[PDB]
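2 protein chains.
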Amino acid sequence: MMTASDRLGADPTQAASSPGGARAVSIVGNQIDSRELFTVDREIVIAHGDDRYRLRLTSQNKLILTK
Amino acid sequence: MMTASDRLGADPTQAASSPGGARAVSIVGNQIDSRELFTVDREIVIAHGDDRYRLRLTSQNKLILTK
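Taken in order, these protein sequences are the chains called B and A.
Under the authors' numbering, the first residue of the first sequence is numbered 1, with each subsequent residue one higher.
Under the authors' numbering, the first residue of the second sequence is numbered 1, with each subsequent residue one higher.
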């Protein structure tokens, strides 16, 4: 007959892994709007190679690079 | 003497057909990978308010801001 284990709630729980802070921004040709990026916080991190940069916006004046 | 005239001629003329002028990049929390942006050219434009900035990547070393 074979008591085949195909029915079992092996899952200990149901952790909703939901990256809500995942923002999808688009680039038109090679252009982009700053507000799309800084829609939540006023600083963005940019990984390149092995090092990490920070693109930051100031008050409402302009934006700059920082580490 | 086997008789069999093949009729299988579904030619895969359609290839890629995936243009990337409008590039959709995502942000994880507030982080992003530089290569996603500079996937085509090595300079990106960023509009903020009424003025326009340029985020540029160098050779493969690092990235900077420029106007």
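Note that the Cβ used here is the ideal one computed from N, Cα and C, for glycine as well.
Cβ atoms of residue 27 (chain B) and residue 22 (chain A): under 9 Å apart, would you say? Walking along the second sequence from the start, residue 22 (chain A) turns up at place 22. Walking along the first sequence from the start, residue 27 (chain B) turns up at place 27. Yes, the Cβ-Cβ distance between residue 22 (chain A) and residue 27 (chain B) is below 9 Å.
Proximal residues of chain A, C-beta to C-beta of residue 16 (chain B) below 9 Å: Counting from 1 along the first sequence, the entry for residue 16 (chain B) is found at position 16. The premise fails here: residue 16 (chain B) is roughly 16 Å from chain A at the closest Cβ pair, so nothing lies under 9 Å.
Evaluate residue 32 (chain A) with the Cβ neighbour count: other Cβ atoms within 10 Å of its Cβ, from every protein chain shown; 16 or more gives buried, anything less gives exposed. Taking the first residue of the second sequence as 1, we reach residue 32 (chain A) at position 32. Buried, by the Cβ-count rule.
Hey, could you find the ends of the beta strand (DSSP E) residue 5 (chain B) is sitting in? Locating residue 5 (chain B) in the first sequence gives position 5, where the first residue counts as 1. Note, residue 5 (chain B): premise wrong, no beta strand (DSSP E); not H, not E.
Along chain A, which residues have their Cβ under 7 Å away from the Cβ of residue 9 (chain B)? For this step, residue 9 (chain B) is matched to residue 9 along the first sequence. Under the 7 Å cutoff, chain A gives no residues; its nearest Cβ is about 31 Å from residue 9 (chain B).
Would you mind working out which of B:66, B:35 and B:52 sits nearest residue 50 (chain A), comparing C-alpha positions? For the purposes of this step, residue 50 (chain A) is taken as residue 50 along the second sequence, with counting starting at 1. When only C-alpha atoms are compared, the closest one is B:35.
Of all the options B:17, B:64 and B:30, which has the alpha carbon lying nearest to the alpha carbon of residue 39 (chain A)? In the second sequence, counting from the first residue as 1, residue 39 (chain A) sits at position 39. Among B:17, B:64 and B:30, the Cα nearest to that of residue 39 (chain A) belongs to B:30.
Cut-off 8 Å between Cβ atoms - residues of its own chain near residue 52 (chain B), not counting five sequence neighbours on either side: Position 52 of the first sequence, counted from the start, is the residue given in the question as residue 52 (chain B). Excluding sequence neighbours, residue 52 (chain B) sits near 45, 46 and 67.
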